[PDB]
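**Q** The structure follows.
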Amino acid sequence: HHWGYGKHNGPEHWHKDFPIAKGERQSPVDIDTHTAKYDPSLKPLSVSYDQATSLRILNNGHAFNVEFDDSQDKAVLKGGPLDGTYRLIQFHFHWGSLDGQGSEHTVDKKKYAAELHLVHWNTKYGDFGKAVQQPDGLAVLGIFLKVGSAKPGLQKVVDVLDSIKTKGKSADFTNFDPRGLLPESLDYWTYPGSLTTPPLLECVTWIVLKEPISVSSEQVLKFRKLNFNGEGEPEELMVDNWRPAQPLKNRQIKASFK
Ligand SMILES: Cc1cc(=O)[nH]c(SCC(=O)c2ccc(S(N)(=O)=O)c(Cl)c2)n1
Ligand SMILES: [Zn+2]
């Protein structure tokens, strides 16, 4: 009876195994755009993904992860609100059963169809598993997806999903360029938070881009053909793998713009 996204093991249950679920800096949150503080001293975000080395794509039973070689400074995030260099380790998405929901962060209570998370770890801690035990260990770049025109840079991911339909499947996934998933503008909101899945550790500097990317209805439909179950088990479609907004508590969301 481990955690997941159903009636009996979904987000409202997680606090029984992971008490930090009711902690002081949990994510996601609703981003109230009117009360976000413009911080004229936040720097432009630096996204250096030219040398990125994707390796594999994996269905972990909660989402799919596209994994990167993080054993050197190839694909790094820095600047923005960050005081350190953070290496890309993986990205993944959260999405809905319907276009009207799917994102984890919300903007003035608006849900997007999905949300991309590019997970990076602070190089001062040497690897991901040590970084998540630190309050400044991770930087997650969050990007909203709306349904409209296709995202051509997404299509290589969508086309491999049928090879990783069920939990524990993986596939070689080399030479994927994550620059093809970024919107034009790097304007962002930022606040201190957590992983949005168990173990819900409070180790994340969130950086959420204001500009969503567009994906087509057919691209997101393909995400909804994945399965939470393993091969040979009863089919449970991988939809609605998002945690709802959590109390902001004693936190201020900062904006890099306007
Ligand atoms: C904290 C931890 C330690 C570990 O050894 N393995 C894992 S697997 C979960 C994981 O890496 C992860 C999942 C979701 C997120 S999210 N939705 O971007 O906040 C992150 Cl940052 C990380 N997590
Ligand atoms: Zn995530």
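Quick note on naming: the chains in the structure tokens go A, B, ... in the order shown, residues restart at 1 in each chain, and ligands are numbered from 1 in order of appearance.
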Could you name the residues that touch residue A:195 at 8 Å or less, counting only C-alpha atoms, but leaving out those on the same chain fewer than 6 positions away, as a ChimeraX atom specification?
**A** /A:26-27,201-204
**Q** Residues of chain A within 9 Å of ligand 2: nearest atom pair and distance (Å, one decimal) for each, counting only C-alpha atoms and all ligand atoms, sorted by chain and number, as JSON lines?
**A**
```
{"residue": "A:63", "atom": "CA", "partner": "ligand 2", "partner_atom_place_in_ligand_line": "1 (Zn)", "distance": 8.4}
{"residue": "A:91", "atom": "CA", "partner": "ligand 2", "partner_atom_place_in_ligand_line": "1 (Zn)", "distance": 7.9}
{"residue": "A:92", "atom": "CA", "partner": "ligand 2", "partner_atom_place_in_ligand_line": "1 (Zn)", "distance": 6.1}
{"residue": "A:93", "atom": "CA", "partner": "ligand 2", "partner_atom_place_in_ligand_line": "1 (Zn)", "distance": 6.0}
{"residue": "A:94", "atom": "CA", "partner": "ligand 2", "partner_atom_place_in_ligand_line": "1 (Zn)", "distance": 6.2}
{"residue": "A:104", "atom": "CA", "partner": "ligand 2", "partner_atom_place_in_ligand_line": "1 (Zn)", "distance": 8.0}
{"residue": "A:115", "atom": "CA", "partner": "ligand 2", "partner_atom_place_in_ligand_line": "1 (Zn)", "distance": 7.6}
{"residue": "A:116", "atom": "CA", "partner": "ligand 2", "partner_atom_place_in_ligand_line": "1 (Zn)", "distance": 6.9}
{"residue": "A:117", "atom": "CA", "partner": "ligand 2", "partner_atom_place_in_ligand_line": "1 (Zn)", "distance": 5.0}
{"residue": "A:118", "atom": "CA", "partner": "ligand 2", "partner_atom_place_in_ligand_line": "1 (Zn)", "distance": 8.0}
{"residue": "A:119", "atom": "CA", "partner": "ligand 2", "partner_atom_place_in_ligand_line": "1 (Zn)", "distance": 8.0}
{"residue": "A:140", "atom": "CA", "partner": "ligand 2", "partner_atom_place_in_ligand_line": "1 (Zn)", "distance": 8.3}
{"residue": "A:142", "atom": "CA", "partner": "ligand 2", "partner_atom_place_in_ligand_line": "1 (Zn)", "distance": 8.2}
{"residue": "A:195", "atom": "CA", "partner": "ligand 2", "partner_atom_place_in_ligand_line": "1 (Zn)", "distance": 7.2}
{"residue": "A:196", "atom": "CA", "partner": "ligand 2", "partner_atom_place_in_ligand_line": "1 (Zn)", "distance": 6.0}
{"residue": "A:197", "atom": "CA", "partner": "ligand 2", "partner_atom_place_in_ligand_line": "1 (Zn)", "distance": 7.1}
{"residue": "A:242", "atom": "CA", "partner": "ligand 2", "partner_atom_place_in_ligand_line": "1 (Zn)", "distance": 8.0}
```
**Q** Give the helix (DSSP H, G or I) residues of stretch 130-204 of chain A, as assigned by DSSP on the backbone, as a list in words.
**A** residues 130, 131, 152, 153, 154, 155, 156, 157, 158, 159, 160, 161, 162, 163, 164, 178, 179, 180 and 181 of chain A
**Q** With only C-alpha atoms as the basis for distance, which of A:124, A:165, A:222, A:130 is at the shortest distance from residue A:83?
**A**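 Once distances to residue A:83 are computed over only C-alpha atoms, the minimum belongs to A:124.
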**Q** Write out as a ChimeraX atom specification each polymer residue whose atoms come within 8 Å of stretch 47-50 of chain A, counting only C-alpha atoms; drop sequence neighbours fewer than 5 positions from it.
**A** /A:74-78,177-179
**Q** Fewer than 2 positions away in the same chain doesn't count, so skip those; otherwise give me all residues within 8 Å of residue A:244, counting only C-alpha atoms, as a list in words.
**A**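 Selected residues are residues 11, 28, 29, 104, 105, 242 and 246 of chain A.
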**Q** Can you pull out every residue within 10 Å of residue A:150, counting only C-alpha atoms, but drop anything in the same chain fewer than 2 positions away, and send it as a PyMOL selection string?
**A** chain A and resi 146-148+152-155+213-220
**Q** Include C-alpha atoms and write out the residues we just selected as a CSV table (one decimal), in the first residue's frame.
**A**
```
chain,number,residue,atom,x,y,z
A,146,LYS,CA,-1.1,24.5,-22.4
A,147,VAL,CA,-2.8,22.7,-25.2
A,148,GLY,CA,-2.7,24.5,-28.6
A,152,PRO,CA,8.2,20.1,-32.0
A,153,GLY,CA,11.0,19.7,-29.5
A,154,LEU,CA,8.7,17.5,-27.5
A,155,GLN,CA,7.9,15.0,-30.1
A,213,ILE,CA,4.8,26.3,-23.7
A,214,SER,CA,2.2,25.0,-26.1
A,215,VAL,CA,1.8,21.4,-26.8
A,216,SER,CA,-0.8,19.7,-29.0
A,217,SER,CA,-3.8,17.8,-27.9
A,218,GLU,CA,-2.3,14.7,-29.6
A,219,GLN,CA,1.0,15.1,-27.6
A,220,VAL,CA,-0.8,15.3,-24.3
```
**Q** Residue A:232: which residues within 12 Å, counting only C-alpha atoms, same-chain residues fewer than 4 positions away excluded, as a list in words?
**A**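 That gives residues 165, 166, 167, 227, 228 and 236 of chain A.
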**Q** Considering only strand (DSSP E) as DSSP defines it on the backbone, what residues of stretch 13-145 of chain A qualify? List them as a ChimeraX atom specification.
**A** /A:30-31,37-38,45-48,54-59,64-68,76-79,86-95,106-107,114-122,138-145
**Q** Would you list the contacts of residue A:160 as JSON, numbers by chain, taking every protein, DNA or RNA residue within 10 Å and counting only C-alpha atoms, but skipping same-chain residues closer than 2 positions in sequence?
**A** {"A": [57, 155, 156, 157, 158, 162, 163, 164, 165, 170, 171, 172, 173, 222]}
**Q** Based on the selection just made, write N, CA and C atoms of those residues as a PDB file, in the first residue's frame.
**A**
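Contents of selection-v6.pdb, as written:
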```
ATOM      1  N   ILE A  57      15.152   7.037 -20.696  1.00  0.00           N
ATOM      2  CA  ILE A  57      13.813   7.443 -20.302  1.00  0.00           C
ATOM      3  C   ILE A  57      13.217   6.302 -19.550  1.00  0.00           C
ATOM      4  N   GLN A 155       8.354  16.160 -29.488  1.00  0.00           N
ATOM      5  CA  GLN A 155       7.876  15.004 -30.137  1.00  0.00           C
ATOM      6  C   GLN A 155       8.749  13.752 -29.994  1.00  0.00           C
ATOM      7  N   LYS A 156      10.084  13.917 -29.898  1.00  0.00           N
ATOM      8  CA  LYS A 156      10.904  12.748 -29.647  1.00  0.00           C
ATOM      9  C   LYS A 156      10.540  12.008 -28.322  1.00  0.00           C
ATOM     10  N   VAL A 157      10.170  12.761 -27.254  1.00  0.00           N
ATOM     11  CA  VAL A 157       9.739  12.155 -26.019  1.00  0.00           C
ATOM     12  C   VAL A 157       8.412  11.424 -26.237  1.00  0.00           C
ATOM     13  N   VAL A 158       7.422  12.120 -26.861  1.00  0.00           N
ATOM     14  CA  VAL A 158       6.110  11.497 -27.037  1.00  0.00           C
ATOM     15  C   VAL A 158       6.204  10.212 -27.863  1.00  0.00           C
ATOM     16  N   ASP A 162       5.309   4.753 -26.009  1.00  0.00           N
ATOM     17  CA  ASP A 162       4.781   3.429 -26.188  1.00  0.00           C
ATOM     18  C   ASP A 162       5.801   2.312 -25.827  1.00  0.00           C
ATOM     19  N   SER A 163       7.104   2.604 -25.804  1.00  0.00           N
ATOM     20  CA  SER A 163       8.104   1.584 -25.391  1.00  0.00           C
ATOM     21  C   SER A 163       8.262   1.509 -23.875  1.00  0.00           C
ATOM     22  N   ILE A 164       7.733   2.513 -23.145  1.00  0.00           N
ATOM     23  CA  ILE A 164       7.793   2.481 -21.677  1.00  0.00           C
ATOM     24  C   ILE A 164       6.412   2.613 -21.031  1.00  0.00           C
ATOM     25  N   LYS A 165       5.445   1.884 -21.575  1.00  0.00           N
ATOM     26  CA  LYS A 165       4.121   1.980 -21.124  1.00  0.00           C
ATOM     27  C   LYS A 165       3.873   1.725 -19.670  1.00  0.00           C
ATOM     28  N   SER A 170      12.160   0.970 -19.114  1.00  0.00           N
ATOM     29  CA  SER A 170      13.017   2.005 -19.622  1.00  0.00           C
ATOM     30  C   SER A 170      13.490   1.794 -21.059  1.00  0.00           C
ATOM     31  N   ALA A 171      13.983   2.842 -21.644  1.00  0.00           N
ATOM     32  CA  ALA A 171      14.523   2.825 -22.976  1.00  0.00           C
ATOM     33  C   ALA A 171      15.704   3.766 -23.145  1.00  0.00           C
ATOM     34  N   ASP A 172      16.702   3.339 -23.892  1.00  0.00           N
ATOM     35  CA  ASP A 172      17.712   4.267 -24.343  1.00  0.00           C
ATOM     36  C   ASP A 172      17.116   5.577 -24.895  1.00  0.00           C
ATOM     37  N   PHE A 173      17.726   6.682 -24.477  1.00  0.00           N
ATOM     38  CA  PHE A 173      17.183   7.969 -24.918  1.00  0.00           C
ATOM     39  C   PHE A 173      18.276   8.965 -25.002  1.00  0.00           C
ATOM     40  N   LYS A 222      -1.007  11.363 -25.744  1.00  0.00           N
ATOM     41  CA  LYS A 222      -0.043  10.261 -25.660  1.00  0.00           C
ATOM     42  C   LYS A 222       0.509  10.099 -24.231  1.00  0.00           C
TER      43      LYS A 222
END
```
**Q** Which of these residues is nearest to ligand 1, using only C-alpha atoms and all ligand atoms: A:131, A:161, A:209, A:58?
**A** A:131
**Q** Pick from A:89, A:82, A:102, A:134: nearest to residue A:206, with only C-alpha atoms counted?
**A** A:82
**Q** From the options A:212, A:79, A:10, A:61, which residue's atoms come nearest to ligand 1, counting only C-alpha atoms and all ligand atoms?
**A**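 Of A:212, A:79, A:10, A:61, the one nearest ligand 1 is A:61, counting only C-alpha atoms and all ligand atoms.
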